[PDB]
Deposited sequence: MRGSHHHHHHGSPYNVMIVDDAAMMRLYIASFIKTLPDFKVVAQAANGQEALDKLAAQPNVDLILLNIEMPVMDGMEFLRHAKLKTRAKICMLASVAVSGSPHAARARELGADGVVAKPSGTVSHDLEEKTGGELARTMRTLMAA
């Protein structure tokens, strides 16, 4: 703690909203933000200390990522592969499932 987190989503607005929420969390910290699959690989290659990856459904990457890092992958939706699944926030629930994945 603080756990190093990476945001993966094609919309910059969504990445910033998640980054703003993690900024308020004392047990989690954002280390990388990526728009595409290839961008997510470049950021992951720069930081090996990444603990959790918050991946969006559509922008393949999950295949390459697991061979690079042991980090827990979590899906975001507005099933198979990732460890857990959280619904995209709307202006709390994410904080619970982020903590449960790191504890196990």
{"query": "Segments lacking C-alpha coordinates (deposited sequence numbering, starting at 1)", "finding": "1-11, 71-76, 96-108, 122-132"}
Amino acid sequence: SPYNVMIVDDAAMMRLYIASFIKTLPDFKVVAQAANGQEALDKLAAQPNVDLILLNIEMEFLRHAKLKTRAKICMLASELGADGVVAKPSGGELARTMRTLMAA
From here on, numbers count along this sequence of modelled residues.
| item | value |
| --- | --- |
| Average Cα temperature factor in the PDB entry - higher stretch of 60-68, 26-34 | 60-68 |
| Third of the chain, ranked by Cα B-factor, where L94 sits | middle |
| Modelled-residue ranking by C-alpha temperature factor, third containing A104 | highest |
| CA B-factor placement of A87, once the chain's modelled residues are sorted into thirds | highest |
| Record-listed C-alpha B factor of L80: chain third | highest |
